[PDB]
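What follows is a set of notes on a single structure, which appears directly below.
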Amino acid sequence: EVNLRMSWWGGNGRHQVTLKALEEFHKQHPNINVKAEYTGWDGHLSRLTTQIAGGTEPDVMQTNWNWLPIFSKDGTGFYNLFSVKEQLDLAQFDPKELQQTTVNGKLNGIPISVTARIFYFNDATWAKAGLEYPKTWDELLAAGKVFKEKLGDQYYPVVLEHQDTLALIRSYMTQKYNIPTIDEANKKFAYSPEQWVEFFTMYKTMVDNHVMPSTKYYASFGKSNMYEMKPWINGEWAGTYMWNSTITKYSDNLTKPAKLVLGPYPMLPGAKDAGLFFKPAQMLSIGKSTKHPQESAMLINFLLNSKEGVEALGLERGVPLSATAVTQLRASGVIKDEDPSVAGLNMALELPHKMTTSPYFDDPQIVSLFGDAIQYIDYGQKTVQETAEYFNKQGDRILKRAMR
Ligand SMILES: O=C(O)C1=C[C@H](O)[C@@H](O)[C@@H](O[C@@H]2[C@H](O)[C@@H](O)[C@@H](O)O[C@@H]2C(=O)O)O1
């Protein structure tokens, strides 16, 4: 009798396939029981942080790439997956993808898929507005006015949650200035005071120009998860800047015959870098002090490499990085070139994208700092310049506490 716990986050679609997959794993292993612990994205890091701090975390965990500096600054925060290469077939995963999940020579997670945020639009609402998807940043910004005038105050080209908006304006600044957002050497942000004014100026331009809801309007709806909101479902918020690895958590909730559809990626003329946030979409990791490292490794192998786990898990986490698994899905017809999830990624890789994102750009204190920031602008409390100075200063402080 081996009892394991496994945690993950996701939409219900992803819960349903994972639960299906675990039922098979247990069928194939009468002696290995897994308790499942699963939520949506919200509060999930927060809960696992409490567990890790009291040493009660699961044997198997779905982890995020930006959590490596949080839990595993020295690579010892999770079990070294090189120690279970007997159970877990490592050679299926690219050596260069494995390097992103390796810290101090210790393999901390198996990246499941890679992802970048890209534009996805409600094709139904865009057809009503009689617009083509923006091919440029100017078109992005000019599209809100058309939405509001052709369809009404209630229609937006996109909805952006603050984290979405952070990634977007950084993409714009990267395209423009071709520098990293974080100076990792000096433990701080790389942008000048001016560049930060320009960053929050752009937010406010987009908000003024009716591109997406302001934070104030977004909060007149209730708290709900974005994909469960009426204006998302009703097709009133007509798009998202979103990971291809979890796009169906969004599209599953549109009203037929509306589809979320790949849009073009805006690029400034002369840009030497598309400014993607491209990374492991997520990982499977083993608890540092698991009493069952081998059975855990068997479970991770099953879900990522076995015929039956691969078939069960389908594309709820994106296009598998496992050679065997992505080949299976292609052969079964599950990966198709025209799938917006698949096409999202392919279009993205062809974008020039040499700039890597620092895991610190996605520090949860920095992300919350950013939502706070644009809330001050939207609720009249801080001007654009004050907000830019406030972000620069307080975010630098977090980066020193984060980069410790
Ligand atoms: O596929 C996912 O569930 C996923 C891929 C991203 O790499 C992760 O950072 C994580 O993103 C979460 C959330 O699930 C997603 O809906 C979006 O809101 O952004 C979140 C984020 O932290 O970026 O999940």
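Each chain in the structure tokens gets a letter, A, B, ..., in the order shown, and its residues are numbered from 1; ligands are numbered from 1 in order too.
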Test item: residues lying within 10 Å of ligand 1 with only C-alpha atoms and all ligand atoms, as a ChimeraX atom specification: /A:8-11,14,40-42,44-45,62-67,112-117,160-164,167,225-227,241-250,277-283,316-318,362-364,367
Contacts of residue 208 (chain A) at 10 Å (only C-alpha atoms; same-chain gap of 5+ positions) as a ChimeraX atom specification: /A:141,144-145,202-203,213-214,378
Proximity to residue 346 (chain A) - best of A:265, A:176, A:223, A:90, only C-alpha atoms: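 Smallest distance to residue 346 (chain A) is found for A:265.
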Proximity to residue 95 (chain A) - best of A:122, A:255, A:327, A:322, only C-alpha atoms: A:322
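Taking CA of residue 352 (chain A) and CA of residue 335 (chain A) as the two end points, the separation is 24.0 Å.
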Contacts of residue 105 (chain A) within 10 Å, only C-alpha atoms, excl. fewer than 5 positions in-chain, as a list in words: residues 74, 75, 76, 80, 82 and 99 of chain A
Contacts of residue 201 (chain A) within 9 Å, only C-alpha atoms, excl. fewer than 5 positions in-chain, as an NGL selection string: :A and (196 or 206 or 384-385 or 388)
